[PDB]
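Encoded as structure tokens, the structure appears first; notes follow it.
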Amino acid sequence: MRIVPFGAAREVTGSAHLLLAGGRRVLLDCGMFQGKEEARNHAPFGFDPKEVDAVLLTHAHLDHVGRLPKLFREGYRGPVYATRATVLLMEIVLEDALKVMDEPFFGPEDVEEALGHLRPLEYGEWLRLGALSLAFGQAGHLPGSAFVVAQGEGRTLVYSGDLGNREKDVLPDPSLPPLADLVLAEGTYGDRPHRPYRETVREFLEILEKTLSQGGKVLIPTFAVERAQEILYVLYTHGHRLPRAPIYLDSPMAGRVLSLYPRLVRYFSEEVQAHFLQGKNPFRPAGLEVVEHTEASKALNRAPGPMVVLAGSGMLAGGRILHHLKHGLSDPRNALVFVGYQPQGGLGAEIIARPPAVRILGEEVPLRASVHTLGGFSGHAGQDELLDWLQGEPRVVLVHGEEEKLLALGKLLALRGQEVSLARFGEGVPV
Ligand SMILES: [Zn+2]
Ligand SMILES: [Zn+2]
């Protein structure tokens with residue numbers, strides 16, 4: 001048995017790993033490269049799509065499913081297994097990617113082909129392919145997210161997919177993995193733990209109370225698949241102590257994802273499921289408003305507070321959020337709250353450095369609004385959580401993280417007596 005990394009090697013996007021065992025070839029994830037690596041989506045996979053026997057998707061994020069249409073475009077016509085939640089979320093994710101994408105590397109017929117081959121596989125259900133047995137484990141990273149357990153030829157491999165941050169409340173705690181001969185694992189935050197969730201939420205509420213009370217606007221850059229909804233969950237469960245104010249989910253996609261949530265109740269934490277059992281949707285705080293078009297979105301730029309505004313892009317690469325910032329950062333009564341990681345060198349990092357001004361949409365904008373970075377809202381396991389999840393596993397191969405961060409985690413693993421390496425693109429690892 002062997003596993004070949006075809007993405008996320010010393011980087012966080014492009015996840016796709018080819019499992020070769022028992023005359024079978026199983027692709028684990030098929031994600032697109034994003035940001036600076038975007039162009040790579042137009043390059044070859046590095047393997048023959050037509051020779052793949054099956055595909056398993058750990059979750060619906062674009063960096064895990066974004067190249068699937070390309071796989072079918074290149075001839076693949078086999079099944080694609082994923083939890084029902086992932087299957088449903090995927091359709092929204094792929095259709096959106098198809099419409100907003102700059103230089104397309106796949107067309108509508110490819111998306112249609114990909115969606116038509118999806119087959120539901122839930123946690124603990126075993127897939128039998130040749131002499132290979134595969135099953136999903138609870139990853140607690142997104143509704144329907146999982147890690148993969150593959151057993152065959154007397155060997156056991158575990159692919160972590162992305163692991164969640166157990167301190168949070170919306171998703172179930174990730175399950176521990178079985179003892180394995182090899183574990184292919186993400187190390188996104190291999191260098192450090194996150195700030196505790198509880199205190200992060202208290203701080204979040206204090207920022208909203210002060211800002212809304214003084215008539216200002218709380219601006220929140222956010223991604224649309226689960227982070228935006230988690231903030232809505234916090235607002236629903238704790239809004240009672242906040243001043244009355246409209247909450248604008250200024251993201252059609254986040255709106256579409258939210259409408260799907262009631263159908264995905266069984267995929268959330270027990271706490272969330274208990275709320276739904278009481279009859280009310282915990283993801284819809286009072287005053288919620290989903291903003292569908294540009295006209296109303298722009299209007300928010302000049303409308304006075306108090307108001308809470310959630311918008312993408314989550315890492316400020318573009319989107320409605322940029323217009324909100326352009327018009328909101330110069331007012332000291334406003335507050336900018338980051339609830340998701342901002343990579344070095346991006347606009348977010350630039351703002352976090354707190355310079356006197358920042359250039360947005362071709363204009364120098366004075367930075368007067370307060371700025372807060374709440375890393376405790378991270379949806380990835382922190383270094384401490386990563387170490388706990390990997391405890392007792394003899395061999396680990398790291399992927400999905402910046403080299404320096406994987407190295408930091410790897411150092412600790414080796415010191416703990418666990419064999420560890422940083423996966424190299426296209427280089428097979430024996431299990
Ligand atoms: Zn990922
Ligand atoms: Zn993810």
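Residues: numbered from 1 along the sequence shown. Counting convention: from 1, in listed order, for ligands and their atoms alike. Only this structure's heavy atoms are used, side chains among them; waters, hydrogens and symmetry mates stay out.
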For residues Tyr233 and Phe283, establish whether the separation of their ring centroids is below 6.0 Å. yes
Checking side-chain polar atoms at under 3.5 Å, does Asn301 have a donor or acceptor matched by the opposite partner on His324? yes
So, are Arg166 and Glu385 salt-bridged, with charged N and O less than 4.0 Å apart? no
Assess [X]: does it contribute an N, O or S atom lying under 2.8 Å from the Zn ion (ligand 1)?
X     : answer
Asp63 : yes
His64 : yes
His61 : no

Would a distance-only check, ignoring hydrogens and angles, find a side-chain to backbone donor-acceptor pair under 3.5 Å from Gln229 to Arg284? no
In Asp162, which N, O or S atom comes closest to the Zn ion (ligand 1)? OD2
cation_pi(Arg119, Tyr81) dist<6.0 Å, angle<=45: no
Please find the N/O/S atom of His59 nearest to the Zn ion (ligand 2) and write down its name. NE2
For the Zn ion (ligand 2), decide whether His141 has an N, O or S atom at a distance under 2.8 Å. yes
